[PDB]
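Only one structure is covered here, and it is reproduced in the block below.
There are 2 protein chains.
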Amino acid sequence: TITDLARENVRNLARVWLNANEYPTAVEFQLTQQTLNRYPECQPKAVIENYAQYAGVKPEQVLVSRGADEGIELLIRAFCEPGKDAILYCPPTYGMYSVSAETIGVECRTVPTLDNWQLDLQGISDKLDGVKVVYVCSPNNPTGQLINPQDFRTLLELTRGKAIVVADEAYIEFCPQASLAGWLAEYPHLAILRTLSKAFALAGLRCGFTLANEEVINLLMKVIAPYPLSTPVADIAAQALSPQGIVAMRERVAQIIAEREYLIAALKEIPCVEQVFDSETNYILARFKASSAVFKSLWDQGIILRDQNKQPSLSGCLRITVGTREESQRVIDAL
Amino acid sequence: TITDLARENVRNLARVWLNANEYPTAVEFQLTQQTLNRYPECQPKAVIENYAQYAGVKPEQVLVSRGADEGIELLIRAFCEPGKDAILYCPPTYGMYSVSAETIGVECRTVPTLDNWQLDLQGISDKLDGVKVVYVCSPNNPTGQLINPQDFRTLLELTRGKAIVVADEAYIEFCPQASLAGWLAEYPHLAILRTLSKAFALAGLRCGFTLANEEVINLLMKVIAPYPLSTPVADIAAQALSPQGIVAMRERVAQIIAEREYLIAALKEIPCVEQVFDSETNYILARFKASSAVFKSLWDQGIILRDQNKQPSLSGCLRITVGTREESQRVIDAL
Ligand SMILES: Cc1[nH+]cc(COP(=O)(O)O)c(CN[C@@H](CCC(=O)O)C(=O)O)c1O
Ligand SMILES: Cc1[nH+]cc(COP(=O)(O)O)c(CN[C@@H](CCC(=O)O)C(=O)O)c1O
């Protein structure tokens, strides 16, 4: 039957919302370009330049795509040979790295991080043979911490002329000083993923970026879809990336950080809450006493969180996205 | 260097506009959903149901994606094993079939059509070994003619339990009675590509569809991106696919067909115009005397067409998209 014609790997491979790391409030935007009958630019000029000014890079070092998710796929499609090359990631982390490789047909090499979520440098150096792309989320999802920049430098020296190192900075707006965007001059093999889905409050736009050196970007352009971005998305993205939009964005980051600190202080006092881990993002990882029990309870109360109990070493943990003061108080009361 | 890390195939692999088959006039649309902070549905309910009513299929037989282009890729990603499986197409036709396979790493089997653009059935039957997906554009781009339904039935009998047959109906709105959408009940391996880019006048939305049986659609869902469509695109798409939107669309089809007939009558009278081929779409293929000479001339006059002189058997031909009466008269006068 039809199913027998599909590739073997393809055969084998939810919706108070505080589970997807979205900004809790909707920032309104309206269209300004009524040119829907014509195909859009392959890489919207206004979007690429506005983002390059914001990120502090050159326009030729930016690539716009359908979220950071498409960015993850592009890197594998351009550098990894199916059945020959490997990808490497360090659990517990964002699940789309292995899903894309599994869907495409590339092998996964996993080197779990140390107990403090930091990189197991010696383990990575031992499993690099055959690896073409290394993904590192910093700050990490779901744990919330930054990877020591000194260890990142070591990772970069290890992969020079061997593999591409991709730093997922989907949550960098929360700790802007920790960005590796300035390292592009020093490292040809460094690529960074960015997005408008979190701090920018535009998850519905499906708009992301890849920051890398001209050489890498030019290669990715060869594997990307002819018109990866719609005109309405490029329209709103340029409005959100204007100087006033970047000011409003920072106001949002501020509000979330303040609220995050309140939520962390309150959670520590709660008995069932065994441990609250520090974060430099818009979510909090916390180990609970009988996590799935409390998860179901809140779930039945209309408080949607994200269970991480199945993740390597995240037994008993739930990931809570930071929302409004009313939503935080709602989770506090329920606990 | 960086380039040496890329896959071998990746290393090796323009903007009066009448060159992209777009509707000449912009139909205005405005947003109605200010929920941009939240991730969109993976498959927008309103879009899938409105399109299913229009196309006359069941909602479970529809898949919405970023244009018919993503639809072409999905089929190869789900059914073709890189380095093992093959794709088959019949030149001269739409160029994205071979580009997607070349980018992914799948081999192309080409069986050029007969002199009248119809399918070389015996040639296809001889090159089917190893083929997993067969693409057939009907009506064809750039020639404009329909593939004999009797030959399509033969193609379908030849591929039963061997390969998926995909009918590209990107231009079907111009000859709706010629659609193979009703054949889904009879053929499990039949898939159809649709789009909002032409008659629907929404090329800027990057919104397309794949019509197939539940089994095929469920497999494609496994290889597609988590949120392939943005909220603003799903918003406008549902507005355009409402009963009133389908009525307005048909008005557009009517206007284009009438204009097409005018443009064909006028072109025949012109001396340099050697031959004008009949079309069931929104473009016209025509063989000219010194085609690149006339192409450059019009190009220098701000009249942009599409050169097909390099396509197999399309030597001396230019593809002219049907626009407004003023644009047609502008091309007539220039000739
Ligand atoms: C680390 C990380 N990297 C990349 C992305 C991709 O973002 P985008 O630009 O939207 O493609 C995400 C979103 N992961 C969130 C997905 C939520 C959802 O799917 O819904 C998450 O983990 O909550 C990440 O958490
Ligand atoms: C036969 C055919 N099939 C599929 C598509 C894909 O459409 P979409 O839904 O937008 O992805 C196109 C557009 N081909 C036009 C592309 C114009 C452009 O790239 O610009 C064309 O040939 O003019 C086709 O001509």
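For the record, the sequence lines run as chains A and A'. A prime marks a further copy of an entry chain. Read in order, the letters of the first sequence correspond to residues 5 to 17, 23 to 24, 32 to 351 in PDB author numbering. Read in order, the letters of the second sequence correspond to residues 5 to 17, 23 to 24, 32 to 351 in PDB author numbering. We treat Cβ as the ideally placed atom computed from N, Cα and C, and that holds for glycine.
query: C-alpha distance - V181/A' paired with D316/A, whole-angstrom precision; result: 47 Å
query: Candidates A219/A, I336/A, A350/A, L209/A: closest to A42/A by CA position; result: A219/A
query: Contacts of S246/A' in chain A (Cβ-Cβ under 7 Å); result: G220, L221, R222, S246, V249
query: Residue nearest to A71/A in terms of C-alpha spacing, selected from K100/A, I262/A, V127/A; result: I262/A
query: Three-state class that DSSP yields for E123/A in the structure shown; result: strand
query: Neighbour list for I180/A' in chain A, Cβ cutoff strictly below 9 Å; result: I6, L9
query: Residue ranges of each beta strand (DSSP E) within the region 195-272 of chain A, 3 or longer; result: 206-211, 224-227
query: The beta strand (DSSP E) enclosing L334/A, as first and last residue numbers; result: 333-337
query: Cutoff 8 Å: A42/A Cβ touching any chain A' Cβ; result: yes
query: Near ligand 1: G83/A beta-carbon under 7 Å from a heavy atom; result: yes
query: Spatially closest choice to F168/A from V147/A, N157/A, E202/A, by CA coordinates; result: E202/A
query: Residue nearest to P128/A' in terms of C-alpha spacing, selected from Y299/A', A302/A', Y110/A'; result: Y110/A'
query: Which residues DSSP lists as bridging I103/A', in chain order; result: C124/A', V149/A'
query: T119/A versus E89/A' - alpha carbon distance; result: 13 Å
query: Members of the region 229-243 of chain A that neighbour chain A' once the beta carbon cut-off is set at 8 Å; result: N229, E231, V232, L235, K238, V239, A241, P242, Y243
query: Distance cut-off 7 Å: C153/A' Cβ against heavy atoms of ligand 3; result: Only ligand 1 and ligand 2 can be found as ligands here, which leaves ligand 3 out of the picture.
query: C-beta atoms of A84/A' and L209/A' nearer than 8 Å; result: yes
query: Cβ-heavy atom distance, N132/A' to ligand 1, below 7 Å; result: no
query: Chain A' residues whose Cβ lies nearer than 8 Å to that of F225/A; result: None at all; the shortest Cβ gap to chain A' is about 15 Å.
query: Within 8 Å, strictly: CB atoms of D251/A and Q49/A; result: yes
query: 8 Å Cβ shell around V32/A' - same chain, five flanking residues per side excluded; result: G318, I319, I320, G339, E343, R346, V347
query: Test: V14/A' CB closer than 8 Å to a CB of chain A; result: yes
query: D323/A Cβ short of 7 Å to ligand 1 heavy atom set; result: no
query: Proximity test, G224/A beta-carbon vs ligand 1 heavy atom, cut-off 7 Å; result: yes
query: For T297/A' and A270/A', the rounded distance between their alpha carbons; result: 11 Å
query: Host alpha helix (DSSP H) of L174/A (start-end); result: 165-175
query: CB contact below 8 Å: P158/A' versus chain A; result: no
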